[PDB]
Amino acid sequence: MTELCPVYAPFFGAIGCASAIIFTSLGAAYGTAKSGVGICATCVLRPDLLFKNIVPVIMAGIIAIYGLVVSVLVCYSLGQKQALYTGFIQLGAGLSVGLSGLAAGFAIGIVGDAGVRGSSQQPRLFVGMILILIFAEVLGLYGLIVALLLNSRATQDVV
Amino acid sequence: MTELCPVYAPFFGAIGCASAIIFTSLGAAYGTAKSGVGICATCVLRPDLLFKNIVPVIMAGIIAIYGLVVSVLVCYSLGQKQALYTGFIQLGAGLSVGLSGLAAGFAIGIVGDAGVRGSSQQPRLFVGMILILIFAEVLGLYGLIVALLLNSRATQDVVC
Amino acid sequence: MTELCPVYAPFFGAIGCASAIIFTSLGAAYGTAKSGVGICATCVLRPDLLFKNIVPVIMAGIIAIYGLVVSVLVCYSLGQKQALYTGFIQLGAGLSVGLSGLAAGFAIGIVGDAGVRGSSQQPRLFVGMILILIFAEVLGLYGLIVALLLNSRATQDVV
Amino acid sequence: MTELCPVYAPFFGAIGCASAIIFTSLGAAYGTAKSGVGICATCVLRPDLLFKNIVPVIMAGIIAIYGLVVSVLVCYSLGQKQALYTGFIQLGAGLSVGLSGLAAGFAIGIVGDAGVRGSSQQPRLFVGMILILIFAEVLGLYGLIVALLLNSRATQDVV
Amino acid sequence: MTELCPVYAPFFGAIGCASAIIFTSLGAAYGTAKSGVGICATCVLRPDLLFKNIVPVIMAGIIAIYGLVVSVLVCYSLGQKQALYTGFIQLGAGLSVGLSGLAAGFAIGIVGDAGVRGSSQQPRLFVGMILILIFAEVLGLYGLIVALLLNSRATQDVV
Amino acid sequence: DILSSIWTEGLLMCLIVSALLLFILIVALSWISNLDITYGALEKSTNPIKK
Amino acid sequence: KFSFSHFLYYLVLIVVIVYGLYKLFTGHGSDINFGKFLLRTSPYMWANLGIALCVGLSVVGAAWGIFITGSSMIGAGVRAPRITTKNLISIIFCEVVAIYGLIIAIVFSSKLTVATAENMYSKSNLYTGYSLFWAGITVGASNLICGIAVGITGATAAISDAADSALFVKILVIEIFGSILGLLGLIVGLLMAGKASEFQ
Amino acid sequence: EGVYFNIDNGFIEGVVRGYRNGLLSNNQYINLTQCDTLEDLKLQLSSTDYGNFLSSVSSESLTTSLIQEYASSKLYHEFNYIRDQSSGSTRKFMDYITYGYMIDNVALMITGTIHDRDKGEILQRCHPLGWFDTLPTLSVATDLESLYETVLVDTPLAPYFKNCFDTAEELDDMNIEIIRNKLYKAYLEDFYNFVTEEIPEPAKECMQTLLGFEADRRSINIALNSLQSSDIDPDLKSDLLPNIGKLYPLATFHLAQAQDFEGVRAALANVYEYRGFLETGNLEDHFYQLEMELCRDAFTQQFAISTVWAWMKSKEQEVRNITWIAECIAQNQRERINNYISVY
Amino acid sequence: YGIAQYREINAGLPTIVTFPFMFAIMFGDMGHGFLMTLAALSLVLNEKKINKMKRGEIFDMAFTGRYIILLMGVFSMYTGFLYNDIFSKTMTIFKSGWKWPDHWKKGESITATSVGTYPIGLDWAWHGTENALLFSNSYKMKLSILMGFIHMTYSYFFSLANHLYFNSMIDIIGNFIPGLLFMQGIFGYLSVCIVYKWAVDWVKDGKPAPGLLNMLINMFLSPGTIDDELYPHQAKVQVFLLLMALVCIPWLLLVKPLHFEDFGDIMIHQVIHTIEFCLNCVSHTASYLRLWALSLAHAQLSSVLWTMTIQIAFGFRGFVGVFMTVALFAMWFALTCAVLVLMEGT
Amino acid sequence: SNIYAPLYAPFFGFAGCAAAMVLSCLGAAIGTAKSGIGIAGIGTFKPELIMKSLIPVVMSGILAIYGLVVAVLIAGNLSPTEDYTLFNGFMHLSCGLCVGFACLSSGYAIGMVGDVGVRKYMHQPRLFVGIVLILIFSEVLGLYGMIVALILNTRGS
């Protein structure tokens with residue numbers, strides 16, 4: 001129906017939140033499935049890596065929360081009276097941030113799996129690896145600006 | 001019927017109720033295969049670590065019950081002429097919990113299968129490796145709790 | 001005709017039972033096909049485990065029983081006078097039992113073969129192999145309980 | 001316009017003619033791709049045999065115009081005010097002839113690319129080679145014959 | 001406007017000229033990719049046939065310019081408003097040239113690289129390599145002529 | 001003015017991209033499932049002058 | 001089969017064509033016309049779909065580039081740790097694309113304006129949705145290509161400077177080319193922003 | 001292809017290139033010229049990628065066996081590490097690579113019929129990569145041809161086991177050689193087909209070129225060995241000579257039919273390639289030089305899984321060159337120097 | 001290409017007279033043949049000194065064919081003049097009478113009719129709407145069919161020409177006669193019916209007519225039916241023409257034993273060649289239309305090049321457009337000779 | 001407005017412009033990456049000839065300019081609220097199509113050919129006189145499309 005009163009705006013909010021939350025989950029899962037096993041294949045014979053270079057695990061886990069925060073942010077605003085100008089931003093806002101997280105986690109996981117072996121063969125190199133990791137994380141962090149913009153557009157104004 | 005209360009509103013309920021269970025079931029089965037293969041690989045050759053490594057199966061059971069703890073919960077929250085808005089919320093909640101359980105199922109089996117060998121070689125590393133196991137559990141609980149919040153919103157806000 | 005009792009509402013049950021049984025059937029078939037080679041290997045190794053390795057096939061039979069019971073129950077839940085909501089619920093219940101059954105079939109075939117292939121070496125294994133067997137068989141229990149709950153609970157109140 | 005001479009019937013002539021040309025063109029190109037590379041070996045091996053080797057590619061060329069001739073032939077039978085019956089028959093003829101020529105190119109090239117090797121050691125082997133080869137373009141000729149019949153039926157029967 | 005000349009009748013005229021050019025460009029790029037690598041391969045060793053082996057490259061660019069010339073010729077024969085049947089025929093004609101061009105592009109390179117291999121050390125292949133090339137490019141104008149023929153036919157029967 | 005409202009529901013502006021999301025999900029699923037495990041890294045033969 | 005994926009892709013396309021052609025045969029070639037639905041679409045469609053891609057493509061491309069560059073840097077680090085001081089400048093190239101990709105979202109949001117169901121199909125807002133969608137497409141694709149190209153160039157530099165690391169300046173002029181793409185993609189979108197209106 | 005080939009394997013190529021960069025280049029062979037005594041070679045071999053393990057355990061007198069085994073130990077380590085970290089397809093490709101060595105190893109297994117050589121001694125005499133942990137095949141009677149069935153049912157080499165009961169079984173001294181040659185041909189053909197169907201096109205070519213060079217070289221060398229002892233049937237030669245040369249499959253049949261030096265000379269002249277006869281006092285040295293120059297083409301392609309194969313071959317031939325210099329110094333032969341490969 | 005046995009009629013001479021003209025009719029342009037014959041004349045004139053100096057490896061062979069080049073070129077000019085095409089351009093002043101009403105509106109489809117025919121015909125007046133193209137193309141395909149059947153029938157002439165020279169008329173003649181009838185009774189009948197168009201017109205005198213080219217299936221599916229009003233006794237002799245070709249098969253397939261002796265394996269060797277010749281008939285019958293196709297393609301390409309160059313040059317600009325036209329012709333000559341003759345004729 | 005001037009005419013032109021930029025820059029990126037591959041291959045072994053053999057790589061932004069000129073020819077050519085000759089937008093799409101793939105073809109061909117040629121150039125400098133030919137020759141192939149784009153665009157505009 002018209003922007004004034006549709007019957008599917010909350011549907012779109014719900015599916016957008018689902019999209020974002022599932023996106024962040026798998027974005028984390030890819031990096032985990034890479035780095036955790038890659039390291040476990042090393043620290044077994046490289047016991048000097050028990051906790052000194054587990055940073056990639058946390059770096060990846062950082063991205064697991066954006067889906068949750070956007071989902072809860074939209075959770076307060078629900079019902080069938082949300083506007084359509086504020087009824088379709090839900091999909092784009094969620095998916096942009098989610099796929100940004102996917103890509104950031106992919107890039108993080110590759111270098112995290114590389115770094116454990118790089119240090120095992122030469123434990124003086126991760127000084128650059130963590131720097132590249134933090135350079136990569138801001139990529140996923142970027143989408144949160146439009147995330148909050150559209151969240152304010154939607155939750156604050158539903159009509 | 002009407003916009004807020006169509007006859008087909010409970011179609012979403014009938015969908016969401018069955019959604020999460022199978023997602024969780026398949027994620028679990030994946031984890032079970034991935035870990036148990038290595039566990040039974042090591043049992044014969046190393047009959048000293050065979051049964052001190054069976055936390056991943058329990059965590060797999062946890063992710064299996066993740067779906068159940070919401071399945072009947074939303075089933076009994078559904079009616080023959082529910083509000084379509086409730087369907088909107090519940091389908092998303094069910095699919096989200098299912099997919100979170102799937103992600104947990106993928107992570108847990110691989111991490112456990114790696115750690116079991118990491119320990120069979122160096123038992124000094126057992127606690128250190130199993131500590132990381134809980135990351136997958138936390139990841140699964142993330143979607144679980146957010147979707148439960150949305151379920152509570154659905155069961156609290158009714159436009160029927 | 002009326003959505004409260006259309007002729008194509010029972011069309012849902014016309015296929016739900018078939019799907020519920022078929023999923024378990026194919027899962028069991030794959031599991032048995034896989035485990036046959038492992039049981040053959042262990043028996044030809046030493047004909048003292050053959051009588052001691054029959055659990056997976058019987059467990060597959062029980063997996064098929066899980067679909068059989070729901071199919072038989074819904075056989076009497078069908079009728080030309082049945083609501084479209086009553087149609088939706090039919091698949092909503094019949095899908096999950098079968099899907100969980102096939103997942104359990106796959107997992108049990110995998111683990112049972114991986115164990116029986118090694119059964120002949122250490123009988124110490126046999127005390128532990130039933131562990132994951134039951135831990136997977138409970139998957140069909142989880143599916144069936146909810147499937148039959150929905151069946152009985154929503155087959156009434158046709159409206 | 002009317003079902004007899006509507007606005008879409010001219011589309012048949014607009015397109016139906018461009019079918020056989022392309023099928024025969026691709027068939028000839030594939031035949032060349034197969035056979036022509038053959039000379040590259042025997043020429044260096046024995047430059048003596050250079051003439052008898054070229055027959056198959058020129059047979060493919062002969063086939064290559066079977067489609068062009070029919071395309072130009074039907075090019076006049078079309079128009080903005082023709083009948084869709086004429087379009088149907090023209091399209092059928094063009095497809096038949098072009099695809100038959102493509103099949104002939106397949107068969108001729110895939111045999112010539114090896115006959116080039118076969119005749120290398122035996123300069124007089126081509127006796128049976130030609131006997132086999134002729135059949136491909138003969139089949140192309142049967143492919144194109146019926147196009148003339150249909151076009152004759154397409155140049156006097158309308159509506 | 002005219003029923004026989006809808007809004008998109010000029011659309012078909014406009015679009016039926018930007019197609020053959022692309023196909024010719026792709027075919028020429030593929031042919032030159034197949035050729036030039038081998039050309040410089042046989043040039044690094046025996047820097048003698050370099051200028052000699054450039055024949056097929058220029059010859060393939062000749063085909064490449066086919067689509068450009070045909071498209072530029074036909075576009076002038078168009079206008080702001082033209083028949084839907086005229087659009088039909090323009091679209092039908094704007095493709096065959098490029099299709100035959102790709103047909104050539106395949107075989108020309110696939111045979112030319114092998115000919116270059118043979119001639120890198122057997123200089124007698126001067127009569128050889130172009131022998132198949134000439135036969136390859138004759139088809140390169142089969143669709144070219146019909147394109148302009150149908151353009152001429154499009155100059156009439158406009159509405 | 002809208003397309004056939006019988007073959008297509010009234011909400012034909014909304015039930016389209018849902019399949020695109022699932023397509024993206026499945027194509028990602030394939031690639032995530034494509035990864036290996038490196039069994040030999042932790043289980044391999046040995047010899048006195050060997051790994 | 002040869003491949004299930006391509007098999008299904010071939011099988012799917014035929015049915016839609018058959019349906020459309022028979023629908024035309026029943027006298028509906030224009031009755032079911034794309035332009036009809038285009039008129040039946042909404043500018044919010046275009047706005048909300050053309051904004052997520054604008055930044056998503058840029059971030060994904062930058063992630064791919066850095067994916068390449070880190071795995072390249074590790075290789076040269078083992079043999080020569082001092083490769084780092086020379087090579088860090090290169091990665092800056094893969095990072096800088098993301099900011100230029102995302103900035104467009106802010107100007108879009110500036111153009112964004114709540115529009116009612118009335119005048120909801122006119123160029124007042126439909127034009128703006130179209131334009132911002134196009135600009136998002138262009139910038140996203142440009143940033144994808146920029147990121148991948150700079151990543152591969154950085155990998156080349158990594159594998160090269162391992163031996164004779166003093167060649168960095170001899171090759172950075174090439175990475176200049178890869179850097180140009182960000183500017184090329186940004187300038188055209190900004191020029192569009194100087195011609196399009198805002199939602200109304 | 002190209003970048004699409006790099007979706008998750010961006011590090012294997014990096015580590016392979018890092019290992020390859022450790023190969024001795026021409027500026028390292030400048031010391032090989034100065035290397036005229038065992039002391040100089042030891043001092044150099046305490047400063048290179050082969051450094052301080054060819055001398056830490058070995059004495060000043062550098063013996064061939066100790067030096068080569070020490071050099072190849074780290075190569076086995078690196079290959080096993082790569083195979084463990086290699087993907088499934090690359091894991092299978094590495095398995096096929098090792099299958100050549102373990103065809104040679106099972107050839108050693110079966111060949112033992114007059115000495116009943118120990119399994120440990122045999123695996124010491126071949127690459128340990130060609131030995132899983134054991135082989136209960138010597139339990140059965142070890143005749144000239146009485147274990148091919150046992151090895152086939154024990155080893156996974158049923159494809160690579162060309163039937164040795166058809167023409168390789170004659171209870172003859174040829175057996176212990178013809179079985180080896182036939183199995184080598186079978187494995188060469190199987191690997192050729194594998195690289196044809198897998199190992200994408202850049203890596204394809206990087207395989208087939210060296211595979212064909214090696215197969216033709218083996219053909220020529222075994223033909224010489226047959227001509228240097230009791231001759232064989234041309235059909236037997238074809239069974240021995242790799243039937244598919246993989247660079248030229250027609251002149252190999254000409255060699256097989258040729259049963260004289262002139263016939264093989266003619267079959268070699270038409271190859272339009274290197275001429276082993278008439279210009280080689282030590283044909284093996286020229287073959288090794290040309291093979292390494294050819295595998296350098298593998299490194300000429302930046303996108304190919306052939307990097308590991310070319311690297312292992314280059315390292316093995318470099319160890320061969322080091323041993324050759326050491327021995328010619330032992331014999332005080334300064335002329336046999338410069339036979340070392342000069343491509344890298 | 002090959003050789004033949006002893007005292008057999010070699011086909012060396014037929015090639016010299018035959019091949020060049022079929023090549024010539026491929027393009028048939030006065031300018032093209034003129035230029036190439038000029039090159040050949042220069043070659044044969046300068047060979048008094050150039051025969052000794054070497055050329056490019058293929059350039060030497062090219063030098064080796066002055067007679068062949070001149071022979072093809074003479075026929076090229078002959079056929080081009082027969083077609084009145086200087087790059088598909090007409091210069092004919094042989095007007096013989098066609099309805100050209102003096103009052104024409106610019107755009108009106110002013111048609112004509114046969115009010116007088118030049119005995120050679122094919123004059124400039126056939127340069128009009130696409131009706132001209134259809135007429136010309138149909139006429140040319142008819143001509144190709146006619147010449148092809150003539151050439152084939154001639155080739156069959158010498159088949160027995162050697163056996164008489166060998167007195168081998170023991171079993172071969174029994175093979176020559178059946179195939180002779182099989183080819184003639186069909187294709188000669190086709191040709192006579194084709195020229196029947198020149199025999200009688202059904203519109204100059206009102207009569208039913210067949211299609212411009214198709215009168216075929218009436219013989220095959222329908223027994224002894226003309227159904228197209230071509231000639232009366234056809235209704236009776238059509239069945240005869242169809243029928244005397246049936247016994248040829250049994251006649252041919254079994255003739256060896258009569259000449260006792262008999263083998264049983266080569267006994268059946270006849271059938272392969274019998275079917276081979278049978279299919280040869282139709283295959284070569286259809287073959288000849290390529291000449292038509294190539295002639296048409298050359299005509300169209302020449303015409304389009306002429307248009308897009310000369311008419312562009314016809315643009316009015318004399319101050320610096322003179323340079324434009326100079327460059328235009330500089331390009332056009334090079335194209336229309338090299339890229340429009342070399343590969344085509346080769 | 002009129003059915004010949006609907007409410008989505010600028011859609012066509014702007015879609016064509018977007019396609020032009022994206023495709024041109026895609027081709028540029030692919031070509032420059034391919035050239036960089038050969039540059040990397042040739043660097044370490046002989047790190048001196050790279051300066052004098054920069055002929056392929058400089059072609060990076062040439063196709064980008066090819067696309068950008070066509071884009072700016074009609075960039076912002078339509079008012080923020082205006083309907084025009086729909087055929088004008090049709091041809092705007094058509095020329096973008098004409099120009100958006102010849103550039104890709106040329107970029108791929110030049111990148112791979114030049115990569116291989118420079119990789120093998122290590123040994124001899126004789127192929128120098130010939131290498132540039134194919135590169136410029138693909139550049140003119142791209143020129144075909146770019147110029148016909150303008151030719152069509154000015155027509156009917």
# chains A, B, ... in the order shown; residues from 1 in each chain; ligands from 1
call {"tool": "calpha_fit_and_write", "arguments": {"fixed": "chain D", "moving": "chain A", "output": "mmCIF file with C-alpha atoms, in the first residue's frame"}}
result
data_model
loop_
_atom_site.group_PDB
_atom_site.id
_atom_site.type_symbol
_atom_site.label_atom_id
_atom_site.label_comp_id
_atom_site.auth_asym_id
_atom_site.auth_seq_id
_atom_site.Cartn_x
_atom_site.Cartn_y
_atom_site.Cartn_z
ATOM 1 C CA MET A 1 -2.640 -11.697 -35.825
ATOM 2 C CA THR A 2 -4.489 -13.957 -38.242
ATOM 3 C CA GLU A 3 -2.724 -15.813 -41.039
ATOM 4 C CA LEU A 4 -4.064 -13.200 -43.461
ATOM 5 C CA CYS A 5 -1.922 -10.341 -42.142
ATOM 6 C CA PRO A 6 0.520 -10.688 -39.212
ATOM 7 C CA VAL A 7 3.097 -8.192 -37.903
ATOM 8 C CA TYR A 8 5.974 -10.622 -37.280
ATOM 9 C CA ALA A 9 6.279 -12.970 -40.276
ATOM 10 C CA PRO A 10 9.208 -11.008 -41.803
ATOM 11 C CA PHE A 11 10.806 -11.044 -38.354
ATOM 12 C CA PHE A 12 10.598 -14.831 -38.395
ATOM 13 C CA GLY A 13 12.022 -15.049 -41.901
ATOM 14 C CA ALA A 14 14.921 -12.804 -40.920
ATOM 15 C CA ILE A 15 15.735 -14.758 -37.767
ATOM 16 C CA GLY A 16 15.495 -18.068 -39.630
ATOM 17 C CA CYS A 17 17.909 -16.823 -42.280
ATOM 18 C CA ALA A 18 20.214 -15.634 -39.503
ATOM 19 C CA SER A 19 20.007 -19.067 -37.881
ATOM 20 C CA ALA A 20 20.869 -20.896 -41.096
ATOM 21 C CA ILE A 21 23.719 -18.566 -42.055
ATOM 22 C CA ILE A 22 25.304 -18.691 -38.601
ATOM 23 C CA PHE A 23 24.858 -22.476 -38.449
ATOM 24 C CA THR A 24 26.676 -23.113 -41.719
ATOM 25 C CA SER A 25 29.474 -20.728 -40.723
ATOM 26 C CA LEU A 26 30.334 -22.595 -37.530
ATOM 27 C CA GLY A 27 29.781 -25.969 -39.181
ATOM 28 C CA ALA A 28 32.548 -25.026 -41.582
ATOM 29 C CA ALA A 29 34.670 -23.402 -38.870
ATOM 30 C CA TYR A 30 34.798 -26.551 -36.739
ATOM 31 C CA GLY A 31 36.102 -28.714 -39.570
ATOM 32 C CA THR A 32 38.575 -26.019 -40.575
ATOM 33 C CA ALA A 33 39.905 -25.503 -37.052
ATOM 34 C CA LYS A 34 40.464 -29.251 -36.927
ATOM 35 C CA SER A 35 41.869 -30.197 -40.315
ATOM 36 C CA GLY A 36 43.886 -27.095 -41.171
ATOM 37 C CA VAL A 37 45.927 -27.150 -37.975
ATOM 38 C CA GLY A 38 46.186 -30.941 -38.013
ATOM 39 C CA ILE A 39 47.694 -30.844 -41.495
ATOM 40 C CA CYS A 40 49.905 -27.823 -40.802
ATOM 41 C CA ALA A 41 51.384 -29.846 -37.947
ATOM 42 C CA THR A 42 52.320 -32.496 -40.552
ATOM 43 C CA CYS A 43 53.186 -31.002 -43.950
ATOM 44 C CA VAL A 44 55.815 -28.881 -42.190
ATOM 45 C CA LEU A 45 57.815 -32.108 -41.823
ATOM 46 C CA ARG A 46 55.899 -33.831 -44.663
ATOM 47 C CA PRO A 47 56.416 -31.466 -47.616
ATOM 48 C CA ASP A 48 54.953 -34.083 -49.989
ATOM 49 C CA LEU A 49 51.485 -32.993 -48.769
ATOM 50 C CA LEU A 50 51.520 -29.374 -49.970
ATOM 51 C CA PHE A 51 48.545 -29.717 -52.322
ATOM 52 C CA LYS A 52 48.008 -33.458 -52.900
ATOM 53 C CA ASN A 53 45.617 -33.996 -49.959
ATOM 54 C CA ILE A 54 44.038 -30.607 -49.230
ATOM 55 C CA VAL A 55 40.631 -31.951 -50.333
ATOM 56 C CA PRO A 56 39.075 -31.705 -46.827
ATOM 57 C CA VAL A 57 39.436 -27.912 -46.885
ATOM 58 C CA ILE A 58 37.259 -27.681 -49.995
ATOM 59 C CA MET A 59 34.931 -30.417 -48.754
ATOM 60 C CA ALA A 60 34.235 -28.345 -45.643
ATOM 61 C CA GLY A 61 34.023 -25.040 -47.514
ATOM 62 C CA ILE A 62 31.294 -26.555 -49.689
ATOM 63 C CA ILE A 63 28.854 -26.394 -46.769
ATOM 64 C CA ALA A 64 29.465 -22.675 -46.177
ATOM 65 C CA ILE A 65 27.051 -21.613 -48.941
ATOM 66 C CA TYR A 66 23.700 -23.184 -47.988
ATOM 67 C CA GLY A 67 23.016 -20.505 -45.392
ATOM 68 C CA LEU A 68 23.793 -17.813 -47.947
ATOM 69 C CA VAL A 69 21.575 -19.314 -50.639
ATOM 70 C CA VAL A 70 18.622 -19.751 -48.284
ATOM 71 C CA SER A 71 19.123 -16.227 -46.926
ATOM 72 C CA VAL A 72 19.059 -14.705 -50.409
ATOM 73 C CA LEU A 73 16.133 -16.931 -51.422
ATOM 74 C CA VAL A 74 14.109 -15.498 -48.540
ATOM 75 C CA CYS A 75 15.532 -12.003 -49.109
ATOM 76 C CA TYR A 76 13.416 -11.402 -52.216
ATOM 77 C CA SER A 77 10.297 -12.244 -50.165
ATOM 78 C CA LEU A 78 9.985 -9.822 -47.254
ATOM 79 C CA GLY A 79 7.365 -7.560 -45.716
ATOM 80 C CA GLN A 80 4.778 -7.691 -42.944
ATOM 81 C CA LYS A 81 2.051 -9.328 -45.080
ATOM 82 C CA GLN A 82 3.502 -12.850 -45.168
ATOM 83 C CA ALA A 83 1.159 -15.609 -44.043
ATOM 84 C CA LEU A 84 1.593 -17.478 -40.761
ATOM 85 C CA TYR A 85 1.249 -20.912 -42.339
ATOM 86 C CA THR A 86 4.140 -19.487 -44.376
ATOM 87 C CA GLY A 87 5.414 -17.408 -41.453
ATOM 88 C CA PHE A 88 6.814 -20.122 -39.190
ATOM 89 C CA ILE A 89 8.329 -22.624 -41.644
ATOM 90 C CA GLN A 90 11.215 -20.141 -41.792
ATOM 91 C CA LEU A 91 12.639 -21.256 -38.444
ATOM 92 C CA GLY A 92 12.374 -24.995 -39.042
ATOM 93 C CA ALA A 93 13.595 -24.938 -42.636
ATOM 94 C CA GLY A 94 16.660 -22.897 -41.735
ATOM 95 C CA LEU A 95 17.573 -24.707 -38.532
ATOM 96 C CA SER A 96 17.206 -28.227 -39.936
ATOM 97 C CA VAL A 97 19.614 -27.503 -42.784
ATOM 98 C CA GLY A 98 21.964 -25.550 -40.532
ATOM 99 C CA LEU A 99 22.315 -28.292 -37.934
ATOM 100 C CA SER A 100 22.603 -30.895 -40.689
ATOM 101 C CA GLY A 101 25.557 -28.873 -41.936
ATOM 102 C CA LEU A 102 26.981 -28.695 -38.417
ATOM 103 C CA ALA A 103 26.890 -32.475 -38.041
ATOM 104 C CA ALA A 104 28.189 -33.146 -41.553
ATOM 105 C CA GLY A 105 31.095 -30.759 -41.013
ATOM 106 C CA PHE A 106 31.895 -32.312 -37.638
ATOM 107 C CA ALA A 107 32.062 -35.775 -39.202
ATOM 108 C CA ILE A 108 34.028 -34.443 -42.182
ATOM 109 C CA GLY A 109 36.572 -32.655 -40.009
ATOM 110 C CA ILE A 110 37.325 -35.641 -37.799
ATOM 111 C CA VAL A 111 38.200 -37.888 -40.730
ATOM 112 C CA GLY A 112 39.985 -35.089 -42.579
ATOM 113 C CA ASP A 113 42.288 -34.562 -39.617
ATOM 114 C CA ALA A 114 42.757 -38.333 -39.338
ATOM 115 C CA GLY A 115 43.615 -38.800 -43.005
ATOM 116 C CA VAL A 116 46.612 -36.473 -43.172
ATOM 117 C CA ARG A 117 48.422 -38.436 -40.465
ATOM 118 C CA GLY A 118 47.218 -41.749 -41.887
ATOM 119 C CA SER A 119 48.790 -40.894 -45.240
ATOM 120 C CA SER A 120 51.939 -39.436 -43.678
ATOM 121 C CA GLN A 121 52.476 -42.722 -41.844
ATOM 122 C CA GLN A 122 51.124 -44.632 -44.858
ATOM 123 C CA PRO A 123 50.345 -42.663 -48.059
ATOM 124 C CA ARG A 124 48.071 -45.265 -49.643
ATOM 125 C CA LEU A 125 44.917 -44.974 -47.513
ATOM 126 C CA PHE A 126 43.044 -41.786 -48.429
ATOM 127 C CA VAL A 127 41.468 -43.694 -51.334
ATOM 128 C CA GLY A 128 38.916 -44.635 -48.682
ATOM 129 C CA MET A 129 39.002 -41.368 -46.755
ATOM 130 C CA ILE A 130 37.697 -39.231 -49.617
ATOM 131 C CA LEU A 131 35.055 -41.886 -50.289
ATOM 132 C CA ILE A 132 33.876 -41.594 -46.685
ATOM 133 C CA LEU A 133 34.025 -37.797 -46.996
ATOM 134 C CA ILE A 134 31.675 -37.812 -49.976
ATOM 135 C CA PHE A 135 29.455 -40.283 -48.126
ATOM 136 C CA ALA A 136 29.331 -37.788 -45.253
ATOM 137 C CA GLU A 137 28.633 -34.680 -47.336
ATOM 138 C CA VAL A 138 25.347 -36.026 -48.705
ATOM 139 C CA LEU A 139 24.134 -36.088 -45.098
ATOM 140 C CA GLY A 140 24.221 -32.304 -44.943
ATOM 141 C CA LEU A 141 23.040 -32.040 -48.541
ATOM 142 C CA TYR A 142 19.867 -33.940 -47.612
ATOM 143 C CA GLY A 143 18.160 -31.061 -45.805
ATOM 144 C CA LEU A 144 18.113 -28.928 -48.947
ATOM 145 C CA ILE A 145 15.038 -30.821 -50.183
ATOM 146 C CA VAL A 146 12.872 -29.562 -47.324
ATOM 147 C CA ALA A 147 14.739 -26.255 -47.543
ATOM 148 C CA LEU A 148 13.505 -25.736 -51.104
ATOM 149 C CA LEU A 149 10.059 -27.140 -50.288
ATOM 150 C CA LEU A 150 9.466 -24.589 -47.536
ATOM 151 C CA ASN A 151 11.179 -21.827 -49.528
ATOM 152 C CA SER A 152 8.655 -22.410 -52.312
ATOM 153 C CA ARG A 153 5.872 -22.551 -49.720
ATOM 154 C CA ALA A 154 6.924 -19.165 -48.306
ATOM 155 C CA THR A 155 8.386 -16.981 -51.063
ATOM 156 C CA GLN A 156 5.824 -18.017 -53.688
ATOM 157 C CA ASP A 157 2.859 -17.544 -51.311
ATOM 158 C CA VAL A 158 2.837 -14.784 -48.685
ATOM 159 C CA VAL A 159 -0.786 -13.572 -48.564
#
